[PDB]
file entry33.cif (mmCIF, C-alpha atoms and all ligand atoms)
data_start
#
loop_
_atom_site.label_atom_id
_atom_site.label_comp_id
_atom_site.auth_asym_id
_atom_site.auth_seq_id
_atom_site.Cartn_x
_atom_site.Cartn_y
_atom_site.Cartn_z
CA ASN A 1 -74.68 -46.60 11.67
CA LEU A 2 -71.55 -45.23 13.27
CA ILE A 3 -72.88 -43.49 16.36
CA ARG A 4 -71.83 -39.97 17.36
CA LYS A 5 -72.52 -39.63 21.08
CA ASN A 6 -72.52 -36.67 23.46
CA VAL A 7 -69.02 -35.95 24.77
CA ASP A 8 -70.38 -35.73 28.31
CA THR A 9 -72.06 -39.16 28.20
CA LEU A 10 -69.00 -41.15 27.10
CA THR A 11 -67.90 -44.28 29.00
CA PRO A 12 -64.21 -44.50 30.08
CA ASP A 13 -63.78 -47.46 27.68
CA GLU A 14 -65.19 -45.40 24.80
CA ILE A 15 -62.79 -42.65 25.87
CA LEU A 16 -59.94 -45.16 25.88
CA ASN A 17 -60.53 -46.51 22.38
CA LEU A 18 -60.90 -42.91 21.21
CA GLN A 19 -57.62 -42.01 22.89
CA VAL A 20 -55.47 -44.84 21.56
CA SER A 21 -57.12 -44.52 18.14
CA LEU A 22 -56.52 -40.80 17.71
CA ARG A 23 -52.97 -41.26 19.01
CA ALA A 24 -52.42 -43.90 16.32
CA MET A 25 -53.95 -41.47 13.79
CA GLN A 26 -51.58 -38.84 15.14
CA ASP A 27 -48.60 -41.04 14.30
CA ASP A 28 -49.57 -41.39 10.61
CA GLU A 29 -47.69 -39.33 8.03
CA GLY A 30 -49.95 -41.06 5.52
CA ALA A 31 -53.02 -39.43 4.00
CA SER A 32 -55.16 -41.28 6.55
CA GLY A 33 -53.36 -39.40 9.32
CA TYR A 34 -54.31 -36.43 11.48
CA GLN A 35 -52.07 -33.81 9.84
CA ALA A 36 -53.01 -34.78 6.29
CA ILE A 37 -56.71 -34.54 7.17
CA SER A 38 -56.32 -31.23 9.01
CA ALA A 39 -54.47 -29.75 6.03
CA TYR A 40 -57.68 -30.17 4.05
CA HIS A 41 -58.99 -27.26 6.12
CA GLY A 42 -56.97 -24.06 6.37
CA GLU A 43 -53.20 -23.68 6.21
CA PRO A 44 -51.46 -24.60 4.10
CA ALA A 45 -53.74 -23.60 1.24
CA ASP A 46 -53.47 -25.94 -1.72
CA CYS A 47 -56.70 -24.69 -3.28
CA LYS A 48 -56.98 -21.93 -5.88
CA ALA A 49 -60.24 -20.21 -6.85
CA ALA A 50 -61.60 -17.32 -8.95
CA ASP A 51 -58.67 -14.90 -9.20
CA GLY A 52 -55.62 -17.12 -9.52
CA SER A 53 -53.77 -16.93 -6.19
CA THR A 54 -53.55 -19.60 -3.47
CA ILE A 55 -56.72 -19.85 -1.37
CA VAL A 56 -57.97 -21.81 1.66
CA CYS A 57 -59.67 -25.07 0.64
CA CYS A 58 -62.61 -24.92 3.06
CA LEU A 59 -65.88 -23.24 2.09
CA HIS A 60 -67.24 -20.45 4.29
CA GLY A 61 -69.89 -17.79 3.78
CA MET A 62 -71.45 -19.66 0.88
CA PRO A 63 -74.53 -21.94 0.88
CA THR A 64 -72.07 -24.78 0.28
CA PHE A 65 -70.64 -24.37 3.80
CA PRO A 66 -72.75 -26.96 5.73
CA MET A 67 -72.38 -29.71 3.11
CA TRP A 68 -68.64 -29.13 2.97
CA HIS A 69 -68.19 -29.48 6.73
CA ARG A 70 -70.59 -32.44 6.65
CA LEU A 71 -68.33 -34.29 4.24
CA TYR A 72 -65.25 -33.10 6.14
CA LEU A 73 -66.69 -34.65 9.27
CA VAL A 74 -67.25 -37.92 7.42
CA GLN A 75 -63.65 -37.83 6.12
CA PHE A 76 -62.30 -37.24 9.64
CA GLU A 77 -64.62 -39.88 11.11
CA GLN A 78 -63.43 -42.51 8.64
CA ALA A 79 -59.86 -41.31 9.11
CA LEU A 80 -60.43 -42.12 12.75
CA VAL A 81 -62.12 -45.52 12.27
CA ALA A 82 -59.22 -46.66 10.04
CA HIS A 83 -57.91 -46.94 13.58
CA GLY A 84 -60.67 -48.07 15.96
CA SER A 85 -62.45 -45.83 17.08
CA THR A 86 -65.30 -48.22 17.71
CA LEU A 87 -67.42 -45.05 17.88
CA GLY A 88 -67.88 -41.98 15.69
CA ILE A 89 -66.63 -38.54 16.69
CA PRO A 90 -68.75 -37.08 19.52
CA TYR A 91 -70.55 -33.73 19.55
CA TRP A 92 -70.55 -31.39 22.51
CA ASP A 93 -73.77 -29.47 23.13
CA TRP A 94 -72.66 -25.90 23.86
CA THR A 95 -76.29 -24.78 23.70
CA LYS A 96 -76.00 -26.10 27.24
CA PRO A 97 -74.49 -23.61 29.73
CA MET A 98 -70.81 -24.30 30.45
CA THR A 99 -68.25 -23.93 33.24
CA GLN A 100 -65.20 -25.23 31.42
CA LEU A 101 -64.19 -26.94 28.17
CA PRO A 102 -65.48 -30.54 28.02
CA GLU A 103 -63.51 -32.79 30.40
CA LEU A 104 -61.96 -34.81 27.55
CA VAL A 105 -59.85 -31.80 26.51
CA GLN A 106 -59.60 -30.06 29.88
CA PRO B 2133 -52.53 4.37 22.98
CA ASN B 2134 -53.71 0.99 24.06
CA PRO B 2135 -51.87 -2.34 24.04
CA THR B 2136 -53.84 -3.40 20.94
CA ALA B 2137 -53.23 -0.46 18.60
CA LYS B 2138 -51.79 -0.79 15.11
CA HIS B 2139 -49.84 2.45 15.46
CA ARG B 2140 -48.26 3.19 18.83
CA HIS B 2141 -46.42 6.10 20.40
CA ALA B 2142 -44.06 6.25 23.38
CA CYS B 2143 -45.94 5.86 26.65
CA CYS B 2144 -44.59 8.38 29.15
CA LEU B 2145 -45.68 12.01 29.28
CA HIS B 2146 -42.99 14.54 28.38
CA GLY B 2147 -43.16 18.19 27.40
CA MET B 2148 -46.52 18.63 29.08
CA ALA B 2149 -47.97 19.74 32.42
CA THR B 2150 -48.63 16.22 33.76
CA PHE B 2151 -45.01 15.09 33.28
CA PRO B 2152 -44.26 15.19 37.04
CA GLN B 2153 -47.42 13.22 37.85
CA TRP B 2154 -46.73 10.47 35.30
CA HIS B 2155 -43.16 9.98 36.52
CA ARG B 2156 -44.15 10.17 40.18
CA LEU B 2157 -46.48 7.21 39.68
CA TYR B 2158 -43.85 5.56 37.48
CA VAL B 2159 -41.34 5.56 40.36
CA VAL B 2160 -43.81 4.08 42.87
CA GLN B 2161 -44.38 1.38 40.26
CA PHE B 2162 -40.69 0.50 40.37
CA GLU B 2163 -40.66 1.07 44.13
CA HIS B 2164 -43.36 -1.45 45.01
CA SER B 2165 -41.63 -4.12 42.93
CA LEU B 2166 -38.36 -4.03 44.86
CA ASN B 2167 -40.07 -3.53 48.23
CA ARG B 2168 -41.89 -6.80 47.55
CA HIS B 2169 -38.59 -8.08 46.17
CA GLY B 2170 -37.12 -7.53 49.62
CA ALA B 2171 -35.83 -3.97 49.85
CA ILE B 2172 -36.18 -2.58 53.37
CA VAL B 2173 -36.21 0.98 52.04
CA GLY B 2174 -37.83 3.04 49.29
CA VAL B 2175 -36.13 4.14 46.08
CA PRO B 2176 -32.93 6.09 46.86
CA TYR B 2177 -32.17 9.37 45.12
CA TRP B 2178 -28.97 11.17 44.26
CA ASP B 2179 -29.59 14.90 44.54
CA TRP B 2180 -27.97 17.20 42.00
CA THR B 2181 -28.94 20.02 44.35
CA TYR B 2182 -25.48 19.60 45.85
CA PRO B 2183 -22.55 20.11 43.47
CA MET B 2184 -21.24 16.84 42.01
CA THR B 2185 -17.66 15.57 42.37
CA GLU B 2186 -18.42 12.04 41.21
CA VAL B 2187 -21.10 9.57 40.11
CA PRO B 2188 -22.44 7.61 43.13
CA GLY B 2189 -20.74 4.32 43.98
CA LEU B 2190 -23.72 1.96 43.73
CA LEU B 2191 -24.24 3.53 40.30
CA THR B 2192 -20.63 3.46 39.08
CA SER B 2193 -18.89 0.34 40.42
CA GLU B 2194 -19.34 -2.61 38.04
CA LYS B 2195 -18.99 -5.31 40.72
CA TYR B 2196 -20.42 -5.50 44.22
CA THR B 2197 -19.22 -7.52 47.20
CA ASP B 2198 -21.70 -8.51 49.90
CA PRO B 2199 -19.99 -7.67 53.21
CA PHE B 2200 -22.07 -10.28 55.04
CA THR B 2201 -21.68 -13.26 52.69
CA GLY B 2202 -18.34 -12.20 51.23
CA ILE B 2203 -19.27 -13.08 47.65
CA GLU B 2204 -18.30 -10.78 44.77
CA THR B 2205 -21.09 -10.34 42.24
CA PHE B 2206 -22.02 -8.04 39.37
CA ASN B 2207 -23.55 -4.76 40.52
CA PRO B 2208 -27.20 -4.74 39.33
CA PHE B 2209 -27.32 -0.93 39.18
CA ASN B 2210 -24.29 -0.58 36.88
CA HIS B 2211 -26.43 -1.27 33.81
CA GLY B 2212 -29.62 -2.87 32.54
CA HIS B 2213 -30.45 -5.47 29.92
CA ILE B 2214 -32.72 -4.67 27.00
CA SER B 2215 -34.64 -7.94 26.63
CA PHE B 2216 -36.19 -7.69 23.16
CA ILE B 2217 -33.12 -6.47 21.26
CA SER B 2218 -30.93 -9.42 22.32
CA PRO B 2219 -29.89 -11.15 25.57
CA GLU B 2220 -26.49 -9.59 24.90
CA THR B 2221 -27.54 -5.94 24.82
CA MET B 2222 -26.93 -3.60 27.73
CA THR B 2223 -27.46 0.06 28.50
CA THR B 2224 -24.25 2.10 28.25
CA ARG B 2225 -23.22 5.49 29.58
CA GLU B 2226 -21.10 8.54 28.79
CA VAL B 2227 -20.45 11.22 31.39
CA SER B 2228 -20.22 14.89 30.43
CA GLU B 2229 -17.86 17.09 32.47
CA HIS B 2230 -20.79 19.50 32.73
CA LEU B 2231 -21.99 17.25 35.56
CA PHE B 2232 -19.02 18.00 37.79
CA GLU B 2233 -19.00 21.81 37.73
CA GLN B 2234 -18.18 23.52 41.05
CA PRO B 2235 -19.02 27.06 42.27
CA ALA B 2236 -16.61 29.77 41.14
CA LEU B 2237 -15.97 33.24 42.57
CA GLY B 2238 -19.34 34.75 41.74
CA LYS B 2239 -20.52 31.87 39.57
CA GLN B 2240 -22.75 28.99 40.63
CA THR B 2241 -23.28 25.53 39.07
CA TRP B 2242 -25.81 25.29 36.20
CA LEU B 2243 -28.19 23.04 38.11
CA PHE B 2244 -28.24 25.21 41.27
CA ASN B 2245 -29.21 28.39 39.41
CA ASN B 2246 -31.72 26.55 37.24
CA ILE B 2247 -33.22 24.46 40.08
CA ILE B 2248 -33.93 27.63 42.09
CA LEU B 2249 -35.24 29.27 38.91
CA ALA B 2250 -37.84 26.49 38.73
CA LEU B 2251 -38.57 26.54 42.47
CA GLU B 2252 -39.05 30.31 42.23
CA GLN B 2253 -42.12 29.84 40.01
CA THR B 2254 -45.52 30.36 41.66
CA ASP B 2255 -47.64 28.96 38.81
CA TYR B 2256 -47.64 25.16 38.43
CA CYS B 2257 -47.38 25.18 34.64
CA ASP B 2258 -44.60 27.80 34.84
CA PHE B 2259 -42.98 25.54 37.44
CA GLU B 2260 -43.45 22.39 35.35
CA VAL B 2261 -41.87 23.77 32.17
CA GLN B 2262 -38.76 25.04 33.95
CA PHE B 2263 -38.65 21.95 36.17
CA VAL C 317 -68.91 -7.56 16.52
CA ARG C 318 -70.62 -5.74 19.39
CA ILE C 319 -74.11 -4.33 18.83
CA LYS C 320 -74.81 -0.99 20.49
CA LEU C 321 -78.35 0.42 20.58
CA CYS C 322 -78.49 4.18 20.00
CA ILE C 323 -81.21 6.72 20.81
CA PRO C 324 -80.89 10.11 19.04
CA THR C 325 -80.70 13.45 20.77
CA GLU C 326 -81.95 16.40 18.75
CA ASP C 327 -78.89 18.64 19.15
CA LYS C 328 -75.29 19.55 18.31
CA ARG C 329 -74.35 17.74 21.53
CA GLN C 330 -73.31 14.41 19.94
CA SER C 331 -75.11 12.90 22.95
CA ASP C 332 -76.48 9.78 21.31
CA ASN C 333 -77.51 7.30 24.02
CA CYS C 334 -75.50 4.34 22.77
CA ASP C 335 -74.76 3.31 26.36
CA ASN C 336 -76.90 0.15 26.14
CA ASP C 337 -75.54 -2.87 24.23
CA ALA C 338 -78.17 -4.75 22.26
CA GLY C 339 -76.21 -7.73 20.96
CA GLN C 340 -73.08 -9.60 19.92
CA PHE C 341 -71.86 -11.94 17.20
CA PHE C 342 -68.68 -13.34 15.71
CA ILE C 343 -66.98 -13.82 12.35
CA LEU C 344 -64.38 -16.36 11.26
CA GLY C 345 -61.77 -15.47 8.66
CA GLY C 346 -58.08 -15.23 7.84
CA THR C 347 -55.46 -14.37 5.26
CA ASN C 348 -55.94 -16.48 2.10
CA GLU C 349 -59.61 -16.67 3.09
CA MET C 350 -61.96 -17.32 0.19
CA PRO C 351 -63.58 -13.94 -0.61
CA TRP C 352 -67.28 -14.07 0.23
CA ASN C 353 -70.46 -12.10 0.81
CA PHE C 354 -73.75 -13.46 2.17
CA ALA C 355 -76.59 -13.40 -0.39
CA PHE C 356 -78.93 -12.38 2.43
CA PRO C 357 -78.66 -10.04 5.43
CA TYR C 358 -77.68 -11.55 8.76
CA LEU C 359 -80.32 -10.62 11.30
CA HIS C 360 -79.78 -10.48 15.05
CA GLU C 361 -82.93 -10.24 17.18
CA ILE C 362 -82.70 -7.12 19.37
CA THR C 363 -86.39 -6.76 20.23
CA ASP C 364 -86.07 -7.58 23.95
CA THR C 365 -83.57 -4.83 24.76
CA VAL C 366 -85.59 -2.35 22.70
CA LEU C 367 -88.69 -3.09 24.79
CA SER C 368 -86.54 -2.90 27.95
CA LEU C 369 -85.58 0.67 27.08
CA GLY C 370 -89.26 1.56 27.25
CA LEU C 371 -89.43 2.70 23.64
CA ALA C 372 -91.54 1.22 20.85
CA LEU C 373 -89.80 -1.05 18.36
CA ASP C 374 -91.57 0.82 15.56
CA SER C 375 -90.26 4.16 16.81
CA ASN C 376 -86.91 5.63 15.89
CA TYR C 377 -83.50 4.45 17.01
CA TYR C 378 -80.45 2.94 15.35
CA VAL C 379 -77.73 0.34 15.77
CA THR C 380 -73.95 0.72 15.62
CA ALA C 381 -71.11 -1.78 15.70
CA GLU C 382 -67.88 -2.05 17.67
CA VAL C 383 -65.65 -4.34 15.63
CA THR C 384 -62.70 -5.79 17.50
CA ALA C 385 -60.24 -7.93 15.55
CA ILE C 386 -59.22 -11.31 17.02
CA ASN C 387 -55.90 -9.56 17.57
CA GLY C 388 -57.62 -7.57 20.28
CA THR C 389 -56.94 -4.64 18.01
CA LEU C 390 -59.99 -2.38 17.89
CA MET C 391 -60.93 -1.67 14.29
CA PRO C 392 -62.48 1.25 12.35
CA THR C 393 -66.29 1.15 12.12
CA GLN C 394 -65.90 1.34 8.33
CA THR C 395 -64.62 -2.25 8.14
CA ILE C 396 -68.22 -3.46 8.21
CA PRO C 397 -71.18 -1.87 6.38
CA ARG C 398 -73.39 -0.05 8.88
CA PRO C 399 -76.12 -2.07 10.65
CA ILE C 400 -79.80 -1.21 10.21
CA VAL C 401 -82.91 -1.89 12.31
CA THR C 402 -85.37 -4.28 10.66
CA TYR C 403 -88.88 -4.00 12.03
CA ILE C 404 -91.45 -6.77 11.62
CA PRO C 405 -95.08 -5.73 12.26
CA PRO C 406 -97.57 -8.11 13.92
CA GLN C 407 -99.37 -10.02 11.16
CA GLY C 408 -101.83 -9.24 10.05
CA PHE C 409 -101.22 -5.49 10.12
CA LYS C 410 -102.55 -2.65 8.01
CA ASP C 411 -100.61 0.58 8.37
CA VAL C 412 -102.64 3.80 8.45
CA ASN C 413 -105.10 4.46 5.62
CA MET C 414 -104.72 7.19 3.01
CA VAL C 415 -106.28 10.58 3.74
CA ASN C 416 -109.47 11.24 1.78
CA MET C 417 -110.35 12.59 -1.67
CA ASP C 418 -108.83 15.82 -3.07
CA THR C 419 -110.02 19.21 -1.78
CA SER C 420 -109.80 19.86 -4.50
CA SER C 421 -106.77 20.29 -6.73
CA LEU C 422 -103.91 17.84 -7.18
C1 LIG D 2301 -54.27 -7.25 14.03
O1 LIG D 2301 -55.27 -6.57 13.28
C2 LIG D 2301 -55.07 -6.51 11.87
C3 LIG D 2301 -55.32 -7.89 11.28
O2 LIG D 2301 -56.66 -8.29 11.57
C4 LIG D 2301 -53.69 -5.96 11.47
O3 LIG D 2301 -53.80 -4.73 10.76
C5 LIG D 2301 -54.15 -4.79 9.37
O4 LIG D 2301 -55.40 -5.36 8.99
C6 LIG D 2301 -55.88 -4.83 7.75
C7 LIG D 2301 -57.23 -5.46 7.44
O5 LIG D 2301 -58.13 -5.21 8.52
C8 LIG D 2301 -54.88 -5.06 6.61
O6 LIG D 2301 -55.30 -4.31 5.46
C9 LIG D 2301 -53.48 -4.60 7.01
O7 LIG D 2301 -52.54 -4.97 5.99
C10 LIG D 2301 -53.07 -5.18 8.36
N1 LIG D 2301 -51.78 -4.65 8.75
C11 LIG D 2301 -50.85 -5.41 9.31
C12 LIG D 2301 -49.53 -4.75 9.58
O8 LIG D 2301 -51.04 -6.59 9.58
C13 LIG D 2301 -52.83 -5.59 12.66
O9 LIG D 2301 -51.48 -5.56 12.21
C14 LIG D 2301 -52.90 -6.56 13.81
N2 LIG D 2301 -52.49 -5.87 15.01
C15 LIG D 2301 -51.20 -5.86 15.31
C16 LIG D 2301 -50.78 -6.85 16.35
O10 LIG D 2301 -50.42 -5.11 14.75
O1 LIG D 2302 -64.42 -24.63 10.32
CU1 LIG D 2302 -64.26 -24.24 8.41
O2 LIG D 2302 -65.65 -24.57 9.78
CU2 LIG D 2302 -65.71 -24.03 11.66
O1 LIG D 2303 -37.65 11.00 31.31
CU1 LIG D 2303 -39.33 9.99 31.16
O2 LIG D 2303 -38.46 11.31 32.35
CU2 LIG D 2303 -36.57 11.41 32.90
#

call {"tool": "encode", "arguments": {"input": "entry33.cif", "output": "structure tokens"}}
result
Amino acid sequence: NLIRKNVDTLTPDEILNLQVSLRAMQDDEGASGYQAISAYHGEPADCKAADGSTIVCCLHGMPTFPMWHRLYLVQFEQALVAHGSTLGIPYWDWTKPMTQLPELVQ
Amino acid sequence: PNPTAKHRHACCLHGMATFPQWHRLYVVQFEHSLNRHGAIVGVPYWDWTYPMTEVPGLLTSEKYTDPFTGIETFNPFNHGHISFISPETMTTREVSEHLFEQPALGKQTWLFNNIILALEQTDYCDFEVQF
Amino acid sequence: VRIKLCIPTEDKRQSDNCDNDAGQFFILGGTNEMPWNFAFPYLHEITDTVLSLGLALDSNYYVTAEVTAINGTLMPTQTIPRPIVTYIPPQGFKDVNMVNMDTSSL
């Protein structure tokens, strides 16, 4: 089990492996890289559906939405771990009241 | 209309009763900027009430020399830049001789007669339209 | 999408008390978005504000929507189908019985 922790509860070492890992992922032009994975969702649209023009690949508004983003999160998680990334991508609980964006991205 | 509108019109009021009010507040807008930008005085005027012989110096001379620091520089009041069109786009001017008319025998300069004509009005809206 | 809670006035006055805002929600989208429509109505609980106004939830009022684009550009109300108020009675609930037998002709 790759563990997805709370963003708030991360240890500086966890943060460090995350940092160097996602930097390494950022320097990949390969399909394992950050850009290639991000392009799966949104612009540019490689998908085509129903009426034959170019359409965004991600699935929204349909019952297939949660599964799609579930798999997308796996794909990104593994795209991370291909560079350690000893841990899985953290979630931030915004059901909790906030003052600022989580410190990692502040 | 608001800064977010799809279709927009020109902002300032013209051809309506509140024209003087809008442009009064518009001048104090410009005034407070340059007072905080280090002007010791308010916004100067050039009154057309007097007959004109010439366009004012700080308006007309392209270059200005600081008497105190002796450095010749471009006169900021000569023209203005229009930012969005291009960095190299300036306001330009053409002067009609109708500006420099002087009183004749019985005759009086266009502005004089017409300024009084406005000032004669007792009703604000009648004043505004002439004004 | 901003949810305004309106109370009718019986007049030509156009004075509909829509002063009080009942709710708020958000919608993601874009150009080259995959065309979509929910198979079920999205419901936004507005009961609390309705009770706060001192009027029964069963009684008459309506709900209107201020739709601002992400542009900041305020949009026509027609962009979204008009909201409705859904009322859910306390189970178990029998609404008022039918008035009695014919006197005498139907
Ligand atoms: C931002 O608001 C909309 C985009 O959300 C723009 O206006 C139009 O949006 C409708 C759909 O709601 C389209 O049918 C039009 O083709 C859009 N027109 C244009 C010119 O984009 C609007 O342009 C945007 N506001 C600004 C900044 O102009
Ligand atoms: O991104 Cu497609 O889901 Cu929030
Ligand atoms: O134009 Cu806006 O007023 Cu001289």

call {"tool": "residues_near_ligand", "arguments": {"input": "entry33.cif", "ligand": "ligand LIG 2303 (chain D)", "cutoff": "8 Å", "atoms": "only C-alpha atoms and all ligand atoms", "output": "list in words"}}
result
residues 2144, 2145, 2146, 2151 and 2155 of chain B

call {"tool": "write_last_selection", "arguments": {"input": "entry33.cif", "atoms": "C-alpha atoms", "output": "JSON list (two decimals), in the frame of the given file"}}
result
[["chain", "number", "residue", "atom", "x", "y", "z"],
["B", 2144, "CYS", "CA", -44.59, 8.38, 29.15],
["B", 2145, "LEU", "CA", -45.68, 12.01, 29.28],
["B", 2146, "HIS", "CA", -42.99, 14.54, 28.38],
["B", 2151, "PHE", "CA", -45.01, 15.09, 33.28],
["B", 2155, "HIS", "CA", -43.16, 9.98, 36.52]]

call {"tool": "residues_near_point", "arguments": {"input": "entry33.cif", "point": "(-58.1, -21.6, -2.6)", "cutoff": "10 Å", "atoms": "only C-alpha atoms", "output": "PDB file with C-alpha atoms, keeping the file's coordinate frame"}}
result
ATOM      1  CA  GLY A  42     -56.970 -24.060   6.370  1.00  0.00           C
ATOM      2  CA  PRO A  44     -51.460 -24.600   4.100  1.00  0.00           C
ATOM      3  CA  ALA A  45     -53.740 -23.600   1.240  1.00  0.00           C
ATOM      4  CA  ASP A  46     -53.470 -25.940  -1.720  1.00  0.00           C
ATOM      5  CA  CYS A  47     -56.700 -24.690  -3.280  1.00  0.00           C
ATOM      6  CA  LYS A  48     -56.980 -21.930  -5.880  1.00  0.00           C
ATOM      7  CA  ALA A  49     -60.240 -20.210  -6.850  1.00  0.00           C
ATOM      8  CA  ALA A  50     -61.600 -17.320  -8.950  1.00  0.00           C
ATOM      9  CA  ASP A  51     -58.670 -14.900  -9.200  1.00  0.00           C
ATOM     10  CA  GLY A  52     -55.620 -17.120  -9.520  1.00  0.00           C
ATOM     11  CA  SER A  53     -53.770 -16.930  -6.190  1.00  0.00           C
ATOM     12  CA  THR A  54     -53.550 -19.600  -3.470  1.00  0.00           C
ATOM     13  CA  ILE A  55     -56.720 -19.850  -1.370  1.00  0.00           C
ATOM     14  CA  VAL A  56     -57.970 -21.810   1.660  1.00  0.00           C
ATOM     15  CA  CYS A  57     -59.670 -25.070   0.640  1.00  0.00           C
ATOM     16  CA  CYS A  58     -62.610 -24.920   3.060  1.00  0.00           C
ATOM     17  CA  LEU A  59     -65.880 -23.240   2.090  1.00  0.00           C
TER      18      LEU A  59
ATOM     19  CA  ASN C 348     -55.940 -16.480   2.100  1.00  0.00           C
ATOM     20  CA  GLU C 349     -59.610 -16.670   3.090  1.00  0.00           C
ATOM     21  CA  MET C 350     -61.960 -17.320   0.190  1.00  0.00           C
ATOM     22  CA  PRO C 351     -63.580 -13.940  -0.610  1.00  0.00           C
TER      23      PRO C 351
END

call {"tool": "atom_distance", "arguments": {"input": "entry33.cif", "atom1": "atom CA of residue 2149 of chain B", "atom2": "atom CA of residue 2247 of chain B"}}
result
17.3 Å

call {"tool": "residues_near_ligand", "arguments": {"input": "entry33.cif", "ligand": "ligand LIG 2301 (chain D)", "cutoff": "12 Å", "atoms": "all atoms listed in the file", "output": "PyMOL selection string"}}
result
(chain B and resi 2134-2140) or (chain C and resi 343-347+383-396)

call {"tool": "atom_distance", "arguments": {"input": "entry33.cif", "atom1": "atom CA of residue 2229 of chain B", "atom2": "atom CA of residue 2183 of chain B"}}
result
12.3 Å

call {"tool": "atom_distance", "arguments": {"input": "entry33.cif", "atom1": "atom CA of residue 381 of chain C", "atom2": "atom CA of residue 327 of chain C"}}
result
22.1 Å

call {"tool": "closest_residue", "arguments": {"input": "entry33.cif", "among": "A:67, A:89, A:98, A:80", "to": "ligand LIG 2302 (chain D)", "atoms": "all atoms listed in the file"}}
result
A:67

call {"tool": "closest_residue", "arguments": {"input": "entry33.cif", "among": "C:330, C:413, C:405, C:342", "to": "ligand LIG 2302 (chain D)", "atoms": "all atoms listed in the file"}}
result
C:342

call {"tool": "residues_around", "arguments": {"input": "entry33.cif", "residues": "segment 2249-2258 of chain B", "least_positions_apart": "6", "cutoff": "10 Å", "atoms": "all atoms listed in the file", "output": "list in words"}}
result
residues 2148, 2149, 2150 and 2243 of chain B

call {"tool": "residues_near_point", "arguments": {"input": "entry33.cif", "point": "(-14.6, -1.9, 35.0)", "cutoff": "12 Å", "atoms": "all atoms listed in the file", "output": "ChimeraX atom specification"}}
result
/B:2192-2196,2206-2207,2210-2211

call {"tool": "closest_atom_pairs", "arguments": {"input": "entry33.cif", "of": "chain A", "to": "ligand LIG 2302 (chain D)", "cutoff": "12 Å", "atoms": "only C-alpha atoms and all ligand atoms", "output": "Markdown table"}}
result
| residue | atom | partner | partner_atom | distance |
| --- | --- | --- | --- | --- |
| A:38 | CA | D:LIG2302 | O1 | 10.5 |
| A:39 | CA | D:LIG2302 | CU1 | 11.5 |
| A:40 | CA | D:LIG2302 | CU1 | 9.9 |
| A:41 | CA | D:LIG2302 | CU1 | 6.5 |
| A:42 | CA | D:LIG2302 | CU1 | 7.6 |
| A:43 | CA | D:LIG2302 | CU1 | 11.3 |
| A:56 | CA | D:LIG2302 | CU1 | 9.5 |
| A:57 | CA | D:LIG2302 | CU1 | 9.1 |
| A:58 | CA | D:LIG2302 | CU1 | 5.6 |
| A:59 | CA | D:LIG2302 | CU1 | 6.6 |
| A:60 | CA | D:LIG2302 | CU1 | 6.3 |
| A:61 | CA | D:LIG2302 | CU1 | 9.7 |
| A:62 | CA | D:LIG2302 | CU1 | 11.4 |
| A:64 | CA | D:LIG2302 | CU1 | 11.3 |
| A:65 | CA | D:LIG2302 | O2 | 7.8 |
| A:66 | CA | D:LIG2302 | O2 | 8.5 |
| A:67 | CA | D:LIG2302 | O2 | 10.8 |
| A:68 | CA | D:LIG2302 | CU1 | 8.5 |
| A:69 | CA | D:LIG2302 | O2 | 6.3 |
| A:70 | CA | D:LIG2302 | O2 | 9.8 |
| A:71 | CA | D:LIG2302 | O2 | 11.5 |
| A:72 | CA | D:LIG2302 | CU1 | 9.2 |
| A:73 | CA | D:LIG2302 | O2 | 10.1 |

call {"tool": "residues_around", "arguments": {"input": "entry33.cif", "residues": "residue 104 of chain A", "least_positions_apart": "6", "cutoff": "9 Å", "atoms": "all atoms listed in the file", "output": "list in words"}}
result
residues 7, 8 and 15 of chain A

call {"tool": "decode", "arguments": {"input": "entry33.cif", "residues": "segment 357-364 of chain C", "atoms": "N, CA and C atoms", "output": "CSV table (one decimal), in the first residue's frame"}}
result
chain,number,residue,atom,x,y,z
C,357,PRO,N,-31.4,16.1,-10.8
C,357,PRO,CA,-31.2,17.5,-10.4
C,357,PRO,C,-30.3,17.7,-9.2
C,358,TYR,N,-29.4,18.7,-9.4
C,358,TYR,CA,-28.5,19.1,-8.3
C,358,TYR,C,-29.3,19.8,-7.2
C,359,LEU,N,-29.3,19.3,-6.0
C,359,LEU,CA,-30.0,20.0,-4.9
C,359,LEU,C,-29.1,20.6,-3.9
C,360,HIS,N,-29.5,21.9,-3.5
C,360,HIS,CA,-28.7,22.6,-2.6
C,360,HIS,C,-29.5,23.0,-1.4
C,361,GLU,N,-29.3,22.4,-0.2
C,361,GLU,CA,-30.1,22.6,1.0
C,361,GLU,C,-30.2,24.1,1.4
C,362,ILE,N,-31.4,24.7,1.3
C,362,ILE,CA,-31.6,26.1,1.7
C,362,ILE,C,-32.6,26.2,2.9
C,363,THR,N,-32.8,25.1,3.6
C,363,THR,CA,-33.9,25.1,4.6
C,363,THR,C,-33.6,26.1,5.7
C,364,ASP,N,-32.3,26.2,6.2
C,364,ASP,CA,-31.9,27.0,7.3
C,364,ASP,C,-32.3,28.5,7.1
